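For reference, the structure discussed in these notes is given below.
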Amino acid sequence: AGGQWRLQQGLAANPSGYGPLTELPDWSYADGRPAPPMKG
Amino acid sequence: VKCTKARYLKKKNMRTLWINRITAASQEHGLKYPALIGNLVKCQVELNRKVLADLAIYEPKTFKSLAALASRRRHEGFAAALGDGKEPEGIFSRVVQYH
Amino acid sequence: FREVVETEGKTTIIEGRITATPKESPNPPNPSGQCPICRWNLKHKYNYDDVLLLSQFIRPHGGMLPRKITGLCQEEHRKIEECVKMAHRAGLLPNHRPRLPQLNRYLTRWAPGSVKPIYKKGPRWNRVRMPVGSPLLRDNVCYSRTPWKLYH
Amino acid sequence: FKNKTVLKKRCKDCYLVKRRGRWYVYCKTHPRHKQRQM
Amino acid sequence: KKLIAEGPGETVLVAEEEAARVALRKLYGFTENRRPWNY
Amino acid sequence: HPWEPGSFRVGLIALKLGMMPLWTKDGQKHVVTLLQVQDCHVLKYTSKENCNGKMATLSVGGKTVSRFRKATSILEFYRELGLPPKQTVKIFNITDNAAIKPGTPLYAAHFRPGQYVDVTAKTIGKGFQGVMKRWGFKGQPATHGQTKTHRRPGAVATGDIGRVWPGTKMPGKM
Amino acid sequence: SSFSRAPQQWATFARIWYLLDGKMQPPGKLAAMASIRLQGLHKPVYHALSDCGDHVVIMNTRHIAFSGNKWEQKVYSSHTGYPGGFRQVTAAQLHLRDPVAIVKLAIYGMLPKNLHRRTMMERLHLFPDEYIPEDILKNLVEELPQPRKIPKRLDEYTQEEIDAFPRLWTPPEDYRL
Amino acid sequence: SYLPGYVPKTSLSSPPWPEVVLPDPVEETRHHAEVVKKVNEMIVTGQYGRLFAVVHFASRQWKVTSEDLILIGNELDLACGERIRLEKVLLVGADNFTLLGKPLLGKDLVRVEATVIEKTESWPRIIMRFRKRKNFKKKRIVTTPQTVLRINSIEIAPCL
Amino acid sequence: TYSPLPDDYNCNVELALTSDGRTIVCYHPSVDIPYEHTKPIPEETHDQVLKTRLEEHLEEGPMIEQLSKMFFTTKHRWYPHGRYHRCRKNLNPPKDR
Ligand SMILES: [Mg+2]
Ligand SMILES: [Mg+2]
Ligand SMILES: [Mg+2]
Ligand SMILES: [Zn+2]
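Line by line, the protein sequences are chains j, XR, r, 4, c, XE, XK, XS and a.
Counted from 1, the first sequence has number 56 at position 34 by PDB author numbering; the numbering is strictly sequential.
Counted from 1, the second sequence has number 88 at position 38 by PDB author numbering; the numbering is strictly sequential.
With PDB author numbering as the guide, the letters of the third sequence map in order to residues 35 to 41, 43 to 136, 146 to 196.
Counted from 1, the fourth sequence has number 69 at position 4 by PDB author numbering; the numbering is strictly sequential.
Counted from 1, the fifth sequence has number 290 at position 13 by PDB author numbering; the numbering is strictly sequential.
Counted from 1, the sixth sequence has number 232 at position 145 by PDB author numbering; the numbering is strictly sequential.
Counted from 1, the seventh sequence has number 25 at position 24 by PDB author numbering; the numbering is strictly sequential.
Counted from 1, the eighth sequence has number 120 at position 76 by PDB author numbering; the numbering is strictly sequential.
With PDB author numbering as the guide, the letters of the ninth sequence map in order to residues 35 to 76, 88 to 142.
Rendered as structure tokens:
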């Protein structure tokens with residue numbers, strides 16, 4: 023849904039493609055340490 | 051083979067009953083599923099159908115708030131259809147630019 | 035308008052008398068319009084239910100008025116005559132029941157008695173679908189996205 | 066009486082009308098001119 | 278002219294006793310929507 | 088109340104004794120059945136509202152029989168009514184104006200000559216019988232090599248149908 | 002929430018008695034809404050296995066209207082089962098013989114073809130007239146609105162509406178009418 | 045007297061839906077400010093109770109609270125008993141209010157903490173492929189790894 | 035004054051935005067059920094009448110159709126099943142929460 027809208031706005035048609043919804047890290051240590059990158 | 055082939059059917063059936071629950075909840079709040087999802091996407095909320103259904107079930111107040119948001123976005127879209135430019139864009143129709 | 039009466044022992048008197056002639060409103064919204072629909076912006080924005088203007092183009096018995104006197108387009112005249120047939124068939128005009136010595149119904153193009161029943165409906169690709177409304181009102185503005193479905 | 070797809074007025078007295086869902090042609094002077102629409 | 282609790286029930290007696298239970302929970306602070314336990 | 092147009096009258100039950108002849112003024116013969124009426128009491132009345140039918144209904148009994156070979160509820164009904172048992176209890180549709188009190192005997196004088204009537208009753212039990220004498224089929228001939236096929240029904244239905252139409256005439260209890 | 006387990010489950014999976022008036026409304030639309038509510042799509046806890054249906058009541062089924070000449074050309078057809086038992090009847094004759102059967106068959110077609118169809122159809126209730134038995138007009142909850150609007154008659158249009166609506170043209174005086 | 049575009053009242057002379065008008069943007073900004081102010085003040089006072097939050101994790105969304113379990117169909121490379129902070133959250137909701145992002149919320153506003161409880165191989169799933177009258181029959185067994193977490197606590201920041 | 039939805043049946047809802055406009059907030063206090071939209075609630090000579098003991102038992106068809114009409118369902122589900130299904134039924138099923 024909304025793929026063409028996202029395209030004309032400048033975002034990925036599928037939000038899983040790129041952007042902060044997928045590129046950010048999905049887990050880090052509670053002490054504030056950065057987790058290693060995901061293979062994806 | 052049926053155990054294998056039933057997996058994607060499970061996927062589809064659950065998606066269908068999620069969307070049906072959501073359509074019902076919206077229609078009893080006064081909205082329709084297509085406009086609801088379009089408005090939410092335009093307002094930048096990526097809530098998939100399963101959590102939308104769980105929200106509509108367990109916390110109807112929050113689902114009602116989401117429906118209100120979607121309706122206001124519909125009305126902003128109608129004002130924009132009247133005048134695309136030459137006007138102040140909708141407050142919720144505004145988007146965030148990332149880089 | 036004029037009212038005629040034919041009335043005495045062995046003698047009879049026929050007489051026609053003028054009557055009160057109503058008039059239109061003094062502010063036509065759209066000048067340079069030869070038909071009333073164009074003078075008032077009513078070309079594609081009327082139906083059977085909005086009978087207020089239909090009551091203007093009918094006789095007390097329920098008869099249609101002539102184009103030569105009413106001053107309408109041919110297309111609009113046939114539009115309103117079909118629409119008035121629809122209204123009568125729905126029964127919205129009880130006072131105009133013509134002259135003398146059961147079922148609810150609406151949106152009926154043709155007459156009820158004339159139509160024969162379809163004892164068989166064909167397959168999907170050549171089905172005998174049921175008519176509704178008329179192609180005449182097809183041009184009417186449709187606020188909905190889907191168009192008017194005239195044949196069920 | 067006879068049924069024709071296309072109708073034709075044989076004489077001026079023949080008059081064509083639309084009755085009970087179909088086109089008819091009636092002539093009282095020449096009844097044999099009566100003509101149904103198929 | 279002010280509500281404290283409502284209760285569903287098969288019968289009116291069950292409904293009113295359940296409403297009493299709800300009000301008691303609300304007053305004692307053991308509502309299901311209470312602050313979780315801090316560790 | 089007196090008779091009115093369209094009204095009806097309660098029927099009754101009788102016992103068939105047999106047949107005998109009758110002769111007319113013209114010398115013509117007419118066979119005629121005798122119908123005997125022993126007790127023929129009324130049993131029950133209903134309202135057309137209670138019944139929810141097109142017309143009110145009464146109940147009439149037939150023959151008095153042993154009070155021993157019945158059910159306890161039926162015997163209670165017959166006692167609280169006051170009359171003995173009746174092996175048959177039939178129903179008669181009737182207008183409301185013709186309401187009759189229970190416990191009233193129905194004698195044969197309800198009818199008169201020069202009158203027409205209808206009669207319903209159970210048929211003679213022939214049991215499980217053949218298609219021919221049940222329905223009236225011709226059957227099959229006897230000679231010309233008919234191999235154990237004389238009184239059979241023959242065919243039943245077509246081949247494409249692959250089944251048998253309900254309501255078909257075959258042997259059964261007659 | 003702060004509710005008890007069994008009472009909460011009961012209140013969630015409870016049934017409801019809805020009412021709708023079919024006077025001058027289309028059987029198709031009213032039966033469609035009734036059917037969705039019978040199988041229970043309207044509630045967000047819908048599942049086929051969970052019998053979460055609701056009881057429905059239609060009112061004034063006799064006073065329904067079709068769109069078009071359907072009263073004449075629509076044919077309800079049924080085979081009794083015997084040879085020549087193929088019967089066809091217009092909606093008009095079928096309404097005269099049984100004013101409820103139209104809406105009944107409509108919902109029977111709208112509904113899914115599961116064994117729950119009969120259960121839902123007996124949940125549903127129908128009455129051709131403005132009259133209802135005591136218990137089944139007592140144990141109601143809500144009357145949902147109608148699908149379509151009723152166009153008004155000239156005897157119904159008040160005078161102020163008429164004189165506000167402008168007259169369109171001036172007739173010549175010399176006309177019999 | 046009548047505007048040219050004027051039209052009498054009929055069935056479809058105007059749309060079927062009711063006419064609507066949006067409020068003034070200045071008054072609306074004032075309203076936004078008032079609502080945000082009161083919400084921040086109330087959550088600082090500590091009126092709320094439980095907190096349910098949505099989280100994007102393992103390529104999919106979940107609704108979670110504190111003291112609740114969650115399963116994921118992959119291996120994280122985390123020793124059991126260890127704690128982690130979940131970053132992505134679509135919204136957070138309490139009994140009287142909710143906060144949802146565009147798309148997601150800020151890092152400083154929330155802090156979702158989850159502990160690892162269990163690492164397992166999934167129960168044996170079977171993959172059989174069969175085609176008809178071509179002796180095409182094949183099977184395989186898979187035991188996907190799966191990790192169990194428990195959401196231990198959620199707290200929000202007054203920052204807003 | 036402009037409202038998106040009628041705030042009279044579940045909760046009085048309002049939306050709002052941060053100053054930067056990156057997060058939305060909703061304030062949705064539930065509704066208080068008015069008092070006005072409510073309803074109010076509802088052998089002598091001798092003993093042993095308190096027994097009030099009446100025993101009626103029907104046979105299969107009548108009782109099943111009676112209780113089916115009373116629960117608004119069909120007669121089919123009421124008929125018993127066979128030992129096959131009775132023993133295949135799991136007796137101690139899992140339960141959650
Ligand atoms: Mg022979
Ligand atoms: Mg041989
Ligand atoms: Mg032989
Ligand atoms: Zn001729």
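Built from N, CA and C at the ideal position, the CB exists for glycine as well.
What do you get for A97 (chain XS), buried or exposed, if any count of 16 or more other CB atoms within 10 angstroms of its CB means buried? Stepping through the eighth sequence from its first residue, residue 97 (chain XS) is reached at position 53. Classification of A97 (chain XS): buried, given that the 10 Å Cβ count is 16 or more.
What's the gap between the Cα of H100 (chain XS) and the Cα of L43 (chain j)? Reading the eighth sequence from its first residue, position 56 is the one you call residue 100 (chain XS). Reading the first sequence from its first residue, position 21 is the one you call residue 43 (chain j). Using only the alpha carbons, I get a separation of about 8 Å.
If distances are taken between C-alpha atoms only, which option among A242 (chain XE), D205 (chain XE), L170 (chain XE), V204 (chain XE) comes closest to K150 (chain XE)? Taking the first residue of the sixth sequence as 1, we reach residue 150 (chain XE) at position 63. Comparing Cα-Cα distances from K150 (chain XE) to each of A242 (chain XE), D205 (chain XE), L170 (chain XE), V204 (chain XE), the minimum goes to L170 (chain XE).
Where does the unbroken alpha helix (DSSP H) through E48 (chain a) begin, and where does it stop? As a first step, residue 48 (chain a) is located in the ninth sequence; it is residue number 14 there, counting from the start. Here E48 (chain a) belongs to no alpha helix (DSSP H); instead the beta strand (DSSP E) covers 48-51.
Buried versus exposed call for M60 (chain XK) [16 or more other C-beta atoms within 10 Å across all chains shown]: On the seventh sequence, residue 60 (chain XK) is found 59 positions in, with the first residue counted as 1. Counting Cβ neighbours within 10 Å, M60 (chain XK) comes out buried, since at least 16 surround it.
Quick check on this structure: which residue in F66 (chain 4), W88 (chain 4), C76 (chain 4) has the alpha carbon closest to the alpha carbon of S158 (chain r)? Position 114 of the third sequence, counted from the start, is the residue given in the question as residue 158 (chain r). Checking every option, the nearest Cα to that of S158 (chain r) belongs to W88 (chain 4).
DSSP beta-bridge partners for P189 (chain XS)? Your numbering for residue 189 (chain XS) matches position 145 in the eighth sequence. Its beta-bridge partners are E165 (chain XS).
Would you mind telling me which residues of chain XK sit closer than 9 Å to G286 (chain c), beta carbon to beta carbon, in chain order? Locating residue 286 (chain c) in the fifth sequence gives position 9, where the first residue counts as 1. Simply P8, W11, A12.
What does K279 (chain c) touch in chain XK if you count any residue whose Cβ is under 8 Å from its own? Taking the fifth sequence and counting its residues from 1, the one referred to as residue 279 (chain c) is at position 2. Those within 8 Å of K279 (chain c) in chain XK number zero; the least Cβ separation is about 18 Å.
With H, G and I counted as helix, E and B as strand and the rest as coil, what does DSSP make of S134 (chain XE)? Taking the sixth sequence and counting its residues from 1, the one referred to as residue 134 (chain XE) is at position 47. Coil.
Give the interface partners of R56 (chain a) over in chain XS, defined as CB-CB distance under 8 Å, in chain order. Residue numbering aside, residue 56 (chain a) sits at position 22 when the ninth sequence is read from its first letter. The answer, in chain order, is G145, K146, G150.
Below 7 Å from a heavy atom of ligand 4 - residues by beta-carbon: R75 (chain 4), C76 (chain 4), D78 (chain 4), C79 (chain 4), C92 (chain 4), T94 (chain 4), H95 (chain 4), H98 (chain 4)
7 Å Cβ shell around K116 (chain XE) - same chain, five flanking residues per side excluded: Counting from one through the sixth sequence, the residue named residue 116 (chain XE) turns up at place 29. For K116 (chain XE), where only same-chain residues beyond five positions count, the Cβ hits under 7 Å are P108, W110.
Give a yes or no on whether the C-beta atoms belonging to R127 (chain XS) and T164 (chain XS) are separated by under 8 Å. Taking the first residue of the eighth sequence as position 1, residue 127 (chain XS) is located at position 83. Taking the first residue of the eighth sequence as position 1, residue 164 (chain XS) is located at position 120. No, the pair does not count as a contact, with Cβ atoms beyond the cut-off.
In the DSSP output, what is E50 (chain r) paired with across the bridge? Here residue 50 (chain r) refers to the residue found at position 15 of the third sequence. In the DSSP output, where bridge partners are listed per residue, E50 (chain r) has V39 (chain r).
Look up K235 (chain XE) in the DSSP assignment and say whether it is helix, strand or coil. As a position in the sixth sequence, residue 235 (chain XE) is number 148, starting the count at 1. It is coil, neither helix nor strand.
Per-residue DSSP class, three states only, for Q147 (chain XR): Numbered from its first residue, the second sequence carries residue 147 (chain XR) at position 97. It is coil, neither helix nor strand.
On the DSSP bridge assignment, give the partners of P175 (chain r) in chain order. Along the third sequence, one-based indexing puts residue 175 (chain r) at 131. Looking at the DSSP assignment, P175 (chain r) forms a beta bridge with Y195 (chain r).
Using only CA atoms, which one of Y50 (chain XS), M172 (chain XS), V133 (chain XS) lies nearest to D152 (chain XS)? For this step, residue 152 (chain XS) is matched to residue 108 along the eighth sequence. The shortest C-alpha separation from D152 (chain XS) is found at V133 (chain XS).
Taking only the alpha-carbon atoms, compute the straight-line gap between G98 (chain r) and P129 (chain r) and give it to the nearest angstrom. Along the third sequence, read from residue 1 onward, the residue named residue 98 (chain r) stands at position 63. Along the third sequence, read from residue 1 onward, the residue named residue 129 (chain r) stands at position 94. Spanning the two alpha carbons is a distance of roughly 13 Å.
Taking a contact to mean a Cβ-Cβ separation below 8 Å, would you say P161 (chain r) touches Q74 (chain XK) in this structure? Your numbering for residue 161 (chain r) matches position 117 in the third sequence. Your numbering for residue 74 (chain XK) matches position 73 in the seventh sequence. Yes, the pair counts as a contact, with Cβ atoms nearer than the cut-off.
Unbroken beta strand (DSSP E) run spanning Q89 (chain XK), endpoints: Locating residue 89 (chain XK) in the seventh sequence gives position 88, where the first residue counts as 1. Residues 87-91.
Which word fits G110 (chain XK), buried or exposed, when buried means at least 16 other C-beta atoms lie within 10 angstroms of its C-beta? Indexing the seventh sequence from 1 puts residue 110 (chain XK) at position 109. With fewer than 16 Cβ atoms within 10 Å of its Cβ, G110 (chain XK) is classed as exposed.
Under the three-state reduction of DSSP, which class applies to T210 (chain XE): helix, strand or coil? In the sixth sequence, the residue the question calls residue 210 (chain XE) occupies position 123. Looking at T210 (chain XE) - three-state DSSP - the assignment turns out to be coil, as it is neither helix nor strand.
Residue environment, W170 (chain XK), which counts as buried when at least 16 other CB atoms sit within 10 Å: Working through the seventh sequence from its first residue, we reach residue 170 (chain XK) at position 169. Buried, since its Cβ has 16 or more Cβ neighbours within 10 Å.
Helix, strand or coil at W18 (chain XK) [DSSP, three-state]: Locating residue 18 (chain XK) in the seventh sequence gives position 17, counting from the first residue. In this structure, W18 (chain XK) counts as strand in the three-state DSSP scheme.
Heavy atom of ligand 3 within 7 Å of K235 (chain XE) beta-carbon: Working through the sixth sequence from its first residue, we reach residue 235 (chain XE) at position 148. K235 (chain XE): yes, Cβ under 7 Å from ligand 3.
Kindly identify the DSSP beta-bridge partner or partners of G41 (chain XK). The residue given as residue 41 (chain XK) occupies position 40 in the seventh sequence. DSSP output for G41 (chain XK) lists no bridge partner at all.
Which term fits residue 82 (chain XE), buried or exposed, when burial requires 16 or more other beta carbons within 10 angstroms of its beta carbon? Since the first residue shown for chain XE is 88 and the last is 261, residue 82 (chain XE) is missing from the structure and cannot be characterised.
N-terminal and C-terminal residue of the beta strand (DSSP E) that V289 (chain c) is part of: By 1-based counting over the fifth sequence, the position of residue 289 (chain c) is 12. Premise fails: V289 (chain c) lies in the alpha helix (DSSP H), 289-305, not in any beta strand (DSSP E).
Other residues of its chain near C108 (chain r): CB distance less than 7 Å, five sequence neighbours each side excluded: Start at 1 with the first residue of the third sequence, and residue 108 (chain r) comes out as number 73. Correct list, in chain order: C70.
Going by DSSP, what residue range makes up the beta strand (DSSP E) through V59 (chain a)? Mapped onto the ninth sequence, residue 59 (chain a) falls at position 25. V59 (chain a) -> beta strand (DSSP E) spans 57-61.
Assigned secondary structure, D136 (chain XK) (DSSP; H/G/I helix, E/B strand, else coil): Looking up residue 136 (chain XK) in the seventh sequence gives position 135. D136 (chain XK) falls in the helix class under three-state DSSP.
Residues of chain XR with CB closer than 9 Å to the CB of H56 (chain XK), please, in chain order. Numbered from 1 along the seventh sequence, position 55 holds the residue referred to as residue 56 (chain XK). Under the 9 Å cutoff, chain XR gives no residues; its nearest Cβ is about 18 Å from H56 (chain XK).
Does the separation of the CB atoms of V90 (chain 4) and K74 (chain 4) fall below 8 Å? Here residue 90 (chain 4) refers to the residue found at position 25 when the fourth sequence is read from its first residue. Here residue 74 (chain 4) refers to the residue found at position 9 when the fourth sequence is read from its first residue. Yes, these two residues count as a Cβ contact at 8 Å.
Is it the case that the Cβ atoms of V192 (chain XS) and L130 (chain XS) are separated by a distance below 8 Å? In the eighth sequence, residue 192 (chain XS) corresponds to position 148, counting from 1. In the eighth sequence, residue 130 (chain XS) corresponds to position 86, counting from 1. Going by C-beta atoms, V192 (chain XS) is not nearer than 8 Å to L130 (chain XS).
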